Structures are given as structure tokens and as C-alpha cells.
Amino acid sequence: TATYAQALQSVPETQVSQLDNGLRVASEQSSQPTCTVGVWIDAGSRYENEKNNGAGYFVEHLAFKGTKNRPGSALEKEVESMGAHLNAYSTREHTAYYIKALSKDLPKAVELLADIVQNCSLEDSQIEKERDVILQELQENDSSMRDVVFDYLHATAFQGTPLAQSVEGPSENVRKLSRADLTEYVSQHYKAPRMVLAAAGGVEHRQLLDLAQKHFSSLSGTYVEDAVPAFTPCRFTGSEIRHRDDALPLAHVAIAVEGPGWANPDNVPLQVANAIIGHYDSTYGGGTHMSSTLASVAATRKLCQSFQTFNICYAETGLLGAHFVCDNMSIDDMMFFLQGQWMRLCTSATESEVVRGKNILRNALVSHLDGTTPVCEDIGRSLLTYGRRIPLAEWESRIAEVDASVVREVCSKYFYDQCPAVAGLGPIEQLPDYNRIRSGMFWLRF
Amino acid sequence: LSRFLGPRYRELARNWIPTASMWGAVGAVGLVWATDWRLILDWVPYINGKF
Amino acid sequence: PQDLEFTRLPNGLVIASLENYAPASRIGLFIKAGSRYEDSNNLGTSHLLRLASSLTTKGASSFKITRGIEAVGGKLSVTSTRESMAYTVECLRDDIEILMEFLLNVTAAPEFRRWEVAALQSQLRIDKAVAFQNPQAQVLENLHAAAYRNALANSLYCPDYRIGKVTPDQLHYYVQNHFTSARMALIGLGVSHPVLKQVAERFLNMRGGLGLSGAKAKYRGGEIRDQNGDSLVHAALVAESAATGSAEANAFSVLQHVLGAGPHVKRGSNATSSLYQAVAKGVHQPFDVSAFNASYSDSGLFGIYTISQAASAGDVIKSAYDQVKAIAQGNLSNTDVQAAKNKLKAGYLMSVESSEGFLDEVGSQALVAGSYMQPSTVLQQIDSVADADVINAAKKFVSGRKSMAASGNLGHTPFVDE
Amino acid sequence: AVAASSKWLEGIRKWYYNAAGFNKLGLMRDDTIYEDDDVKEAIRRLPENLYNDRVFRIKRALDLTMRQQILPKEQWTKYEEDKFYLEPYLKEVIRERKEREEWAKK
Amino acid sequence: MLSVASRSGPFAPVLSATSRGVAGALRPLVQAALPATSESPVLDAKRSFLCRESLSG
Amino acid sequence: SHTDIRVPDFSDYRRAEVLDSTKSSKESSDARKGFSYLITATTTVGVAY
């Protein structure tokens with residue numbers, strides 16, 4: 001029978017092509033009746049100065065409302081006539097558009113996509129309708145507290161850079177930026193070779209390349225305006241923000257330090273180390289004696305609603321840390337018991353706390369990749385940030401060489417005697433000071 | 001006894017024999033200075049604190 | 001390869017195994033017990049039986065379970081409806097002989113010690129307060145009580161007056177009566193046929209033939225209104241309709257997709273749904289409308305669901321009720337029927353792309369029928385419905401008795417019979 | 001370990017039962033044990049009829065001692081009518097503690 | 001096609017010994033928020049967001 | 001009332017070696033902690049003698 005070793009290399013491969021402009025065309029074919037097709041671009045809020053911060057949040061908020069050949073109602077009526085779906089998102093560093101259809105309808109699909117990215121019109125009446133929807137969504141999400149604190153945190157830990165501004169923008173700025181500002185944005189950022197055309201499911205590579213050459217090749221391959229920005233390695237400061245607002249029921253807190261980048265080979269041991277702390281919420285089944293030393297104490301003294309660990313990574317910098325939501329008299333107990341577990345791990349770390357973490361990472365790597373939509377969304381970033389999609393066997397061979405000493409060394413390098421960043425949202429008066437938080441970042445015995 | 005028998009307490013012991021060894025070394029050397037202990041004050045001729 | 005391999009047994013228990021070459025693997029057990037199967041004296045037993053999947057067993061203690069599972073990495077989970085229950089286990093390909101001994105013994109031979117049960121009764125309050133933070137678990141519990149009398153009227157949670165009194169004799173009674181051999185199905189996704197057959201042959205020693213199965217669930221018209229401090233009114237009009245497994249349920253499904261159940265394009269204005277456009281002719285406000293379908297094994301409920309504001313609740317409702325009349329009057333094209341027949345095919349084929357939807361699809365129809373049937377037959381069956389059936393299905397809705405439920409500030413809202 | 005001497009072990013056990021004197025106050029053998037963290041657990045695993053009795057045999061035999069007297073001779077706890085009520089709840093709190101401790105060892 | 005989820009509609013609770021509990025389906029999808037003013041009421045010993053249950057790394 | 005917020009300028013208080021916002025501080029991290037601890041390291045000796 002198939003063993004986990006001889007089944008990890010039977011996964012079908014990944015073809016890659018290229019055009020004269022420079023588009024990369026990737027795919028993998030699995031023999032079904034369904035497919036997903038999309039385009040991932042290389043622009044974001046990080047490429048924008050102070051003069052137009054929310055601009056990229058209209059272009060994909062206005063993309064499905066009518067091209068120059070098919071107005072918006074016609075476009076949608078056509079796409080529901082087939083029975084398909086459309087979707088789009090954007091983050092600090094990436095932007096995507098993609099559609100989900102049935103395998104026979106690839107030629108009708110690839111034609112629609114090329115029509116959206118290449119040329120569309122900006123309708124002034126549609127701008128007037130659009131602006132107020134944006135202005136209402138701002139207040140819509142100013143009431144989710146797991147989204148304001150991951151924005152204060154980014155604001156105080158990157159104080160002077162372009163990496164500390166928000167996706168949507170300040171309110172005063174989403175009231176002035178007009179047609180001209182948007183059209184040069186679309187001209188200067190949407191271009192090749194910053195683009196990838198990705199597809200997965202029952203697609204054929206040669207047919208996909210043929211269909212790509214027809215609808216896409218009428219495209220400007222030589223850089224316009226020679227607008228080449230220079231990367232600035234990110235600054236990282238030790239600040240702290242506090243907002244009081246005494247009438248809420250519960251308190252939110254997050255704390256973090258600096259981390260690696262995307263291509264740094266130090267990511268795997270940090271994954272193995274963060275899987276040992278764990279996660280917990282007050283509706284889990286078998287609490288109060290689950291293996292983590294932090295979950296098992298919160299379950300039995302009832303200090304938490306929940307906590308978790310995060311590992312955000314950019315091209316050069318990162319963040320490592322933790323988030324917890326709690327009552328108003330149990331904050332310093334949480335911070336004491338949290339810092340203790342990091343220090344117990346900078347130093348001695350046994351050889352049974354490491355096989356468990358290895359298994360957890362090895363087993364969370366495969367379930368996140370079963371389906372058809374994830375695989376495409378994978379192929380698009382895994383190729384816009386390295387190249388070379390990195391099969392499963394190559395990840396696996398990097399997990400057979402982590403040991404207790406390796407975890408010790410990297411934990412000592414990135415955690416021990418460093419200055420963190422801290423954000424908290426009310427009711428927060430038992431939050432210990434910066435002196436007494438900083439002095440928890442090194443033992444005195446060792 | 002049996003509550004303390006295992007490899008983990010022996011591992012903590014061999015891990016913190018640095019702690020016990022430094023603790024004992026500092027204590028022993030301090031016990032020389034505290035009581036004007038001339039008998040080890042001479043083992044190093046470098047502390048000429050006796051006038 | 002071997003798309004499925006059925007095998008009946010001398011006491012039921014269909015076993016179906018598909019063999020593949022994936023790195024991970026899943027197993028599941030499917031049972032015919034639900035909230036529908038309890039009488040008036042023990043309301044709440046199944047919502048505690050769902051909560052107690054990690055207690056001490058005659059083959060392992062609750063310290064052995066929670067630690068042997070987390071050592072290798074796997075997962076356990078339980079999911080329930082008003083008609084059935086499912087226990088599922090999930091992990092890698094070389095660690096699969098281990099989790100299966102835990103799963104097969106959590107369900108066969110439990111013990112209920114009266115000092116763990118006595119501590120699992122503060123959990124019910126937390127669970128029921130979490131599930132009730134979205135205002136359509138509430139409105140969908142008053143709609144089954146307002147429309148039935150006996151079987152399908154029970155809720156999926158526990159009544160408040162009842163929280164501290166669940167006792168360890170009722171759990172024994174329930175499990176003994178209903179977890180019977182001839183009502184269960186075992187489905188495994190990445191393993192071969194003889195292994196499952198062997199391991200489940202140790203699972204028949206317990207109980208040969210089925211426990212009770214009463215309560216035919218007769219119909220009544222019920223109105224239940226509940227007033228509170230939310231700022232938006234939720235409403236629902238339904239009517240009795242077809243049971244699954246018959247020739248008219250497909251007509252009601254095609255009617256549902258003509259009428260407009262669900263969006264396709266992100267952040268769009270639904271231009272291919274009739275009743276949305278009918279409503280939006282004189283209502284310039286935020287709002288939302290859709291159709292409604294539920295198809296239990298003996299009866300069903302077809303209708304409409306609306307979300308609207310305070311001083312404009314009536315106008316919306318008695319304007320989406322006019323449109324449904326027109327279709328019943330012969331005003332129906334034959335191209336929009338074609339356009340609606342494509343939504344079913346697309347959605348159904350996408351519903352089983354994953355390896356988690358495949359299990360549920362197979363396990364669902366391995367209980368109510370007893371055999372498998374491939375998607376190709378399904379597409380033919382759903383493409384052999386005519387145009388007169390969609391028309392006469394809408395006449396059953398208009399000439400029939402109703403159930404409403406609402407909840408919000410019910411100041412400007414119509415009673416039934418109005 | 002012996003069989004023919006088990007009549008003698010019975011003989012010495014009936015003498016040591018009388019020489020110790022908890023029966024003249026009404027108590028039973030399980031009433032006398034010393035309450036550490038492991039006997040404090042096995043007490044709140046008792047049904048209510050068993051737990052209520054234990055709180056009256058311990059309050060009537062700690063009042064006879066404030067007065068320096070003893071109960072009448074017809075009410076002395078016999079030898080073959082003492083039932084070990086707290087024994088089974090105590091073998092189980094213990095063997096669950098040898099299990100949580102050889103896991104940290106392996 | 002013989003389940004209750006293949007025809008979107010009435011809910012189905014789930015509950016797990018490693019992850020958070022979920023309340024059945026949602027609705028066929030989320031149209032109710034595209035027009036403005038759905039404040040999503042809060043301040044009730046609330047339940048957090050984004051459902052951090054299954055990751056990749 | 002939410003998206004808006006800029007931490008005001010701490011430019012005139014910074015160290016001269018981290019006052020540039022272009023380059024990182026992982027290079028400018030050992031000198032600071034080797035400087036600010038020698039005051040204490042002197043202090044312990046002073047207390048001792």
C-alpha cells in the first residue's frame with residue numbers, strides 16, 4: 001500500500017510558459033469537470049504615497065460595472081447565464097481577480113478576464129454612487145475590534161514608512177481623488193511583467209497558452225515612464241499605543257517583535273516553535289488537560305475568552321507575537337504566564353516537545369491544499385514571490401532536519417532581550433507599564 | 001520515592017548544576033570577604049585589603 | 001479507481017470504501033438519531049450527547065483520548081441535524097490504525113460517571129448564548145414550532161428551564177434505544193476494502209435491530225411573533241410542499257432557482273432574479289429577499305424570506321407575494337427555465353469537488369436509499385422536467401394554509417389572514 | 001502469605017481492634033484517616049446519603065470527648081458490621097495519578 | 001442528491017474538540033450587507049472574527 | 001474616527017544612528033544595548049567595592 005513517502009511524489013507536476021511581453025502562464029491538470037481561473041497582480045497599498053492612499057480600493061470596487069464593449073448589467077447577466085462565480089480581494093502587497101466556472105467554458109472565461117484588466121471605463125455617475133458606499137463601509141467596520149487593533153499595531157511599529165498606512169484610507173482622502181488620479185494609477189501599475197495568469201482543475205496547458213496569445217498579446221511590454229522604485233529595508237521601533245473607552249465589556253491586547261522575510265530559511269523552525277504554544281477558545285471540547293502549558297491553566301482558572309499566535313511575513317521584515325481577548329481583572333496574570341513560556345523555550349527545550357510540533361506542521365500543510373480554489377491562489381503567490389512552486393517533497397525534506405538545538409539557537413536570536421511593540425483597546429488599566437514589560441524579556445538567573 | 005524519579009528531573013538537575021555551581025561558587029567566595037577570612041584571602045595575593 | 005465499492009451486511013451497516021493515493025485520510029460514521037426522536041419528558045438529551053465526545057470510556061480514560069489524539073495530529077468532530085448525526089475522524093496515512101480504535105469505542109461502550117455529567121451542565125448556557133448572536137437561528141426555531149405539532153417541532157438546543165436537570169439514566173436509555181446496528185453507515189475515503197470490513201466486524205456484537213421510530217409529524221398553522229430591540233425586521237412565509245425522493249421535489253427546486261435564491265457576482269445588483277426586481281420598483285431603501293426550501297424525508301416547506309426596516313415592512317412582503325401569483329397564472333417563458341437549469345448543474349457539481357463534501361454526499365444517501373448513483377444520472381434526472389410542472393407547482397403554494405414568524409419591532413406588520 | 005495461620009491473623013486482628021478505641025465513640029475505620037490532597041478529592045465523589053452520615057458520626061464523637069465520657073455498652077460498633085464506604089473511591093484517584101506521571105517520564 | 005444541505009436552507013450545528021463551533025449554513029450567500037447599514041450588533045460577551053481554525057503555516 | 005491616525009513625530013528625540021527612517025535598526029541594535037548597560041555594570045562594581 002502507498003506510504004506517506006511514495007505518495008508525496010505522485011502529485012502531478014506544474015508546467016510554466018512565457019510570452020514576448022513577459023507574462024508567465026502556469027497550470028496543473030487533474031482530470032475532473034471543474035476549473036478555476038484568475039489573475040494575480042503586483043501592486044498594493046505599499047506602492048502609494050500620501051497623496052492618494054485609497055486609490056487602489058476603487059479600481060477593484062469599480063471593475064465589475066461595465067467595460068467599453070459590455071456595460072455592467074450586460075456583463076453580469078452574461079456571467080450568471082452560464083452559472084459561474086466572480087471574486088476579488090486586495091492586501092498591503094497583492095491584488096487578485098478570479099472566476100469559477102465549468103470546464104467547457106474556458107474560451108468564454110479567458111476572454112472576459114482579459115477584458116476586465118486591459119480596458120474599462122470610469123463613469124462619473126458611477127463614481128457618485130460609489131463614493132457613499134465606501135463612506136458607509138468605513139463606519140460598518142469601525143465596530144469590529146479584531147480589526148482596529150491589527151491596525152493600531154501596524155501604525156506604531158512602522159511609524160515612518162510606507163508600510164504603516166491603511167488599505168482603505170483616511171476619510172478626508174476618499175472625498176477628493178478623482179478620475180485623473182485613478183486613470184494614471186491604472187496605467188502605471190497594471191502592466192506586465194508584474195502579472196501572472198493562473199489556472200487549475202481540468203485545464204490543458206497548450207490550449208491555455210493558445211488562448212492567452214490571442215486576447216493578451218496586444219499589451220505594452222516596454223516599461224512606461226521607467227517608474228522603478230527602490231526597496232527600503234523596513235525600520236522597526238519599540239512604541240506603545242493606549243486607547244481607553246471604559247464602557248466596553250472586554251479588552252483586546254496584542255504584542256509582537258521583528259521577524260524574517262519571505263525567502264529567509266529561518267521560517268521553518270519558527271513555525272515549529274510557534275506550534276508548541278498553541279491556541280484556545282472557551283468552547284473547545286477537552287480543555288483543562290490539553291498539552292500546552294498555557295491552555296491548560298487558562299481552562300482551569302478561567303482567565304481567557306481566547307488567544308492565538310501569528311507570523312506575518314513581507315518581502316524583508318515580519319512580525320512575531322500573540323493576541324488575546326480578556327476581562328478587566330486578568331490581564332497581568334495573562335502577560336506573566338505568557339512571557340514565562342517564551343523564556344522556558346529560549347533556554348531548555350526537550351526532545352518530545354519537538355516531534356509533536358513537527359507532526360502538527362507537517363499535517364497542517366496538506367489539508368490547506370485540498371480542493372481547487374486554494375491551489376490556484378497558491379500557484380499565483382508561490383510564483384509571484386519566488387518562482388519555482390516548491391513541491392511537497394521539498395518542504396518535507398526541510399522538516400526532517402529540525403532539532404532541539406536549532407530551536408534553542410533561533411529562539412535565543414529573535415526573542416531574548418529585545419524591545420517589543422504593544423497595542424491595547426479598552427478597558428485597560430491593569431496593563432503593566434513599559435518598564436515592567438521590558439524587564440520581563442530576560443531572566444536574571446540565566 | 002517515585003514522584004520525582006525520571007529522566008526529566010535528572011535533566012533539570014544537569015541543566016541547573018550551572019545554577020547550583022555558580023550559586024555555590026559565589027556563596028563560597030563571598031563567605032571569604034564577609035568574615036574577614038584571611039585564610040583564603042591569601043590564596044590570591046591580589047586582594048591586599050588587610051591594611 | 002473503483003469509484004465506490006458497496007457491501008451490505010447481515011444486519012444492515014452499508015460499508016463503502018474508495019481507494020486513492022492521497023497523503024491524508026478521513027473516516028466517518030453516520031447515524032439516524034436527532035432532535036426529532038424525543039418525547040415531552042426528556043427534551044435536551046441530544047444536545048448534551050453532542051457535547052460529551054471526550055469523556056471516559058470502558059477502553060480509555062479522558063486523559064488517554066485528549067493526549068493520544070494530539071500526539072500524532074489528528075482531529076475528531078461531531079455534526080448534527082434534525083434527522084441524523086455524524087462522527088468524523090481525520091489524519092495522515094501512516095497513523096490511521098490508531099485514531100480508529102478511539103473512534104470505534106467512543107461510540108460503542110461508554111460510561112457516564114455522575115461527577116463529569118454534573119460538570120458538563122454549565123457548558124449548555126455558553127453554547128446557546130454563542131449560537132444566538134445572529135438573528136436567524138432564533139427566527140428559524142419559532143418557524144418549525146409554528147408549523148408542526150409533534151416530531152419536527154423540537155429545537156436543536158436545550159430549553160432554559162431544563163439546563164440543570166439532565167440525568168445520567170436518560171443518556172443510557174437514549175443511546176441504547178437509538179444507536180442500533182441497522183441504522184448506521186461507515187464510510188472511509190483513502191483506505192482499502194478488507195481493513196474497514198475487519199475493523200467494523202467487531203462493531204456488530206452490540207445490538208441487532210432498531211429501537212423505535214415513531215412520530216409521523218402532522219401539520220398545523222401557527223403564528224408566533226417575538227418583539228425586542230433590534231433595528232431590522234426578519235420575516236418568513238412558508239407553505240407545505242413535497243417530501244424528498246419524489247418527482248415533484250425537482251420541480252420545486254427549479255422553481256426556487258427561477259425565483260432567485262442566492263447571488264453570484266461579488267457586490268452586485270441581482271438582475272437575473274425576478275422577485276428582487278419586482279420588489280425594487282417602489283422600495284428605495286436597504287433590504288434583502290430570497291426563496292426558501294427544506295426537504296425532510298416526510299414533508300417539506302417552500303416559501304420566501306425577507307429582511308427589511310421598521311416603517312416599510314408591510315410594503316415589501318405584500319409585494320413579493322404578488323409576483324409568485326403571476327407565475328402560477330401561466331406567465332412563464334421558456335428561456336429563463338433553461339437559464340435556471342444551468343445553476344443546478346453548476347452548483348451540484350461544485351458541491352462535491354472537495355474531499356469533505358464527497359463524504360457527506362455519499363453518507364447522506366447511503367441511509368435513505370441504500371445504494372449509490374453517479375452524477376451523470378442526476379443531471380439527466382434534473383434535465384427531464386417540463387414547463388407545465390413548474391407552473392402547477394406554484395399553484396400549490398397560492399392555494400394552501402400559511403405559517404409566518406417575525407421578530408423585531410413589530411409596529412407596522414400584517415397578521416396572517418390579512 | 002499463610003493459610004493455616006490465618007486463624008491466628010484473625011485472632012490478633014480482633015485483639016488490636018478492641019485495644020484501639022474508636023468503637024466506644026461510635027466511629028468506623030474510614031472515619032479516622034488523615035486528609036491530604038488525595039483524600040480531599042475522593043470525598044466530593046460520594047453520593048449524598050453516604051456523605052451526610054459521615055458528618056454526624058464525627059460530631060457526636062467529638063462532644064463525648066469534650067465531656068470526658070464514653071457511650072453506653074450496647075452501642076459499640078461491632079467487628080463484623082463495619083463497612084468500608086470510602087475504599088473504592090480512593091483506589092481510582094490514585095491510579096489516575098501514576099498515569100499522569102509516567103507520561104512526563106517517557 | 002438527497003441531503004438537507006444540497007438544498008440550501010435549515011441549519012446544522014457542528015462542534016469540535018480542537019476548533020470553534022459553527023452555526024450551520026449562513027444563508028445561500030451574503031447579499032444582506034451590500035446595501036449599507038448592517039451594523040452587525042456587538043457588546044454581548046462577543047465572539048471573535050475570521051475563524052482562525054485551520055492554517056497553512 | 002478609526003482609519004485616521006498618525007503617530008506624531010518623534011524625530012528630535014531619537015538616537016542619531018536610528019534617526020534615518022530609510023534603513024532598519026537590526027544593524028543599530030548592539031551598540032545601544034552595549035552602551036546603556038555599562039552604567040549599571042560600573043554601578044554593580046561601585047556598590048561591591
# chains A, B, ... in the order shown; residues from 1 in each chain; ligands from 1
call {"tool": "residues_around", "arguments": {"residues": "residue 385 of chain C", "least_positions_apart": "4", "cutoff": "9 Å", "atoms": "only C-alpha atoms", "output": "PyMOL selection string"}}
result
chain C and resi 247+250-251+254+381+389-390
call {"tool": "residues_around", "arguments": {"residues": "segment 22-33 of chain B", "least_positions_apart": "5", "cutoff": "10 Å", "atoms": "only C-alpha atoms", "output": "list in words"}}
result
residues 445 of chain A; 16, 17, 38, 39, 40, 41, 47 and 49 of chain B
call {"tool": "atom_distance", "arguments": {"atom1": "atom CA of residue 253 of chain A", "atom2": "atom CA of residue 45 of chain E"}}
result
15.9 Å
call {"tool": "interface_residues", "arguments": {"of": "chain A", "to": "chain D", "cutoff": "12 Å", "atoms": "only C-alpha atoms", "output": "ChimeraX atom specification"}}
result
/A:289,291,350-353
call {"tool": "interface_residues", "arguments": {"of": "chain E", "to": "chain A", "cutoff": "9 Å", "atoms": "only C-alpha atoms", "output": "PyMOL selection string"}}
result
chain E and resi 15-21+34-50+52+54-57
call {"tool": "write_last_selection", "arguments": {"atoms": "C-alpha atoms", "output": "mmCIF file, in the first residue's frame"}}
result
data_model
loop_
_atom_site.group_PDB
_atom_site.id
_atom_site.type_symbol
_atom_site.label_atom_id
_atom_site.label_comp_id
_atom_site.auth_asym_id
_atom_site.auth_seq_id
_atom_site.Cartn_x
_atom_site.Cartn_y
_atom_site.Cartn_z
ATOM 1 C CA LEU E 15 -18.891 21.174 17.456
ATOM 2 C CA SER E 16 -15.287 20.060 17.826
ATOM 3 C CA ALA E 17 -12.640 19.033 20.364
ATOM 4 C CA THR E 18 -9.917 21.135 18.674
ATOM 5 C CA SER E 19 -11.652 24.065 16.854
ATOM 6 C CA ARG E 20 -14.513 26.508 17.377
ATOM 7 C CA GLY E 21 -18.181 25.625 16.984
ATOM 8 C CA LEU E 34 -24.127 45.009 0.075
ATOM 9 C CA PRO E 35 -26.535 47.903 0.726
ATOM 10 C CA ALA E 36 -25.260 49.879 3.693
ATOM 11 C CA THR E 37 -26.427 49.915 7.330
ATOM 12 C CA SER E 38 -25.963 46.408 8.690
ATOM 13 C CA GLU E 39 -24.122 47.342 11.881
ATOM 14 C CA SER E 40 -23.661 43.698 12.987
ATOM 15 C CA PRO E 41 -24.640 44.238 16.668
ATOM 16 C CA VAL E 42 -21.984 43.738 19.337
ATOM 17 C CA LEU E 43 -21.266 44.150 23.092
ATOM 18 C CA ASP E 44 -22.692 40.828 24.312
ATOM 19 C CA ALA E 45 -19.588 38.978 25.559
ATOM 20 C CA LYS E 46 -18.846 38.807 21.873
ATOM 21 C CA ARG E 47 -17.372 36.134 19.547
ATOM 22 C CA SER E 48 -14.181 36.981 17.645
ATOM 23 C CA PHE E 49 -13.595 37.074 13.907
ATOM 24 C CA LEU E 50 -12.045 35.452 10.828
ATOM 25 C CA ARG E 52 -8.693 31.193 12.975
ATOM 26 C CA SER E 54 -7.120 25.916 10.029
ATOM 27 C CA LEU E 55 -3.907 27.387 8.618
ATOM 28 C CA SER E 56 -1.246 26.558 6.065
ATOM 29 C CA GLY E 57 1.827 27.530 8.091
#
call {"tool": "atom_distance", "arguments": {"atom1": "atom CA of residue 259 of chain C", "atom2": "atom CA of residue 309 of chain C"}}
result
22.4 Å
call {"tool": "residues_around", "arguments": {"residues": "segment 41-58 of chain D", "least_positions_apart": "5", "cutoff": "8 Å", "atoms": "only C-alpha atoms", "output": "list in words"}}
result
residues 115 of chain C; 26, 27, 31, 85, 86, 89, 90 and 93 of chain D
call {"tool": "interface_residues", "arguments": {"of": "chain C", "to": "chain A", "cutoff": "7 Å", "atoms": "only C-alpha atoms", "output": "PyMOL selection string"}}
result
chain C and resi 21-23+54+66-67+71-73+92-94+264-266+271-272+339+342-343+346+353-354
call {"tool": "interface_residues", "arguments": {"of": "chain C", "to": "chain E", "cutoff": "6 Å", "atoms": "only C-alpha atoms", "output": "MDAnalysis selection string"}}
result
chainID C and resid 77:81 262 267 286 288 293:294 364:365
call {"tool": "interface_residues", "arguments": {"of": "chain D", "to": "chain B", "cutoff": "12 Å", "atoms": "only C-alpha atoms", "output": "number ranges by chain"}}
result
D: 97-106
call {"tool": "interface_residues", "arguments": {"of": "chain B", "to": "chain A", "cutoff": "9 Å", "atoms": "only C-alpha atoms", "output": "PyMOL selection string"}}
result
chain B and resi 8+12+15+19
call {"tool": "interface_residues", "arguments": {"of": "chain C", "to": "chain D", "cutoff": "10 Å", "atoms": "only C-alpha atoms", "output": "list in words"}}
result
residues 61, 63, 64, 67, 113, 114 and 115 of chain C
call {"tool": "write_last_selection", "arguments": {"atoms": "N, CA and C atoms", "output": "PDB file, in the first residue's frame"}}
result
ATOM      1  N   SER C  61      -9.324   6.385  29.191  1.00  0.00           N
ATOM      2  CA  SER C  61      -9.786   7.485  30.017  1.00  0.00           C
ATOM      3  C   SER C  61      -9.690   8.794  29.245  1.00  0.00           C
ATOM      4  N   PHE C  63      -7.954  11.257  29.838  1.00  0.00           N
ATOM      5  CA  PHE C  63      -6.569  11.685  29.697  1.00  0.00           C
ATOM      6  C   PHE C  63      -5.882  10.962  28.547  1.00  0.00           C
ATOM      7  N   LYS C  64      -6.281   9.727  28.268  1.00  0.00           N
ATOM      8  CA  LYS C  64      -5.677   8.994  27.166  1.00  0.00           C
ATOM      9  C   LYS C  64      -6.169   9.509  25.815  1.00  0.00           C
ATOM     10  N   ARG C  67      -4.874  13.163  24.699  1.00  0.00           N
ATOM     11  CA  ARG C  67      -3.427  13.199  24.518  1.00  0.00           C
ATOM     12  C   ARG C  67      -2.953  12.319  23.377  1.00  0.00           C
ATOM     13  N   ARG C 113     -20.211   8.583  34.299  1.00  0.00           N
ATOM     14  CA  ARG C 113     -19.987   8.798  35.721  1.00  0.00           C
ATOM     15  C   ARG C 113     -20.625  10.105  36.157  1.00  0.00           C
ATOM     16  N   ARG C 114     -21.256  10.093  37.319  1.00  0.00           N
ATOM     17  CA  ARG C 114     -22.117  11.201  37.688  1.00  0.00           C
ATOM     18  C   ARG C 114     -21.391  12.356  38.325  1.00  0.00           C
ATOM     19  N   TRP C 115     -20.088  12.532  38.131  1.00  0.00           N
ATOM     20  CA  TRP C 115     -19.449  13.780  38.530  1.00  0.00           C
ATOM     21  C   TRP C 115     -18.812  14.531  37.367  1.00  0.00           C
TER      22      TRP C 115
END
call {"tool": "residues_around", "arguments": {"residues": "segment 9-22 of chain D", "least_positions_apart": "5", "cutoff": "9 Å", "atoms": "only C-alpha atoms", "output": "list in words"}}
result
residues 27, 28, 29, 32, 61, 77 and 79 of chain D
call {"tool": "select_by_dssp", "arguments": {"residues": "segment 257-376 of chain A", "states": "strand (DSSP E or B)", "output": "tab-separated table (two decimals) with C-alpha atoms, in the first residue's frame"}}
result
chain	number	residue	atom	x	y	z
A	257	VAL	CA	8.62	41.65	17.78
A	280	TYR	CA	-7.50	28.03	22.85
A	281	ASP	CA	-11.10	29.24	22.90
A	304	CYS	CA	-9.39	33.75	28.87
A	305	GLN	CA	-12.00	34.03	26.26
A	306	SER	CA	-9.32	33.24	23.65
A	307	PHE	CA	-5.73	33.75	22.47
A	308	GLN	CA	-3.62	32.91	19.39
A	309	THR	CA	-0.19	33.27	17.71
A	310	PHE	CA	0.71	34.95	14.38
A	313	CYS	CA	5.76	37.96	6.66
A	318	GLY	CA	7.88	40.46	9.61
A	320	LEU	CA	6.04	37.54	15.65
A	321	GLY	CA	3.67	37.63	18.57
A	322	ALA	CA	0.31	36.91	20.13
A	323	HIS	CA	-3.24	38.23	20.55
A	324	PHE	CA	-5.62	37.73	23.47
A	325	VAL	CA	-9.10	38.93	24.50
A	326	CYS	CA	-9.95	39.02	28.17
call {"tool": "select_by_dssp", "arguments": {"residues": "chain B", "states": "alpha helix (DSSP H)", "output": "NGL selection string"}}
result
:B and (7-34 or 38-41)
call {"tool": "atom_distance", "arguments": {"atom1": "atom CA of residue 40 of chain F", "atom2": "atom CA of residue 434 of chain A"}}
result
19.3 Å
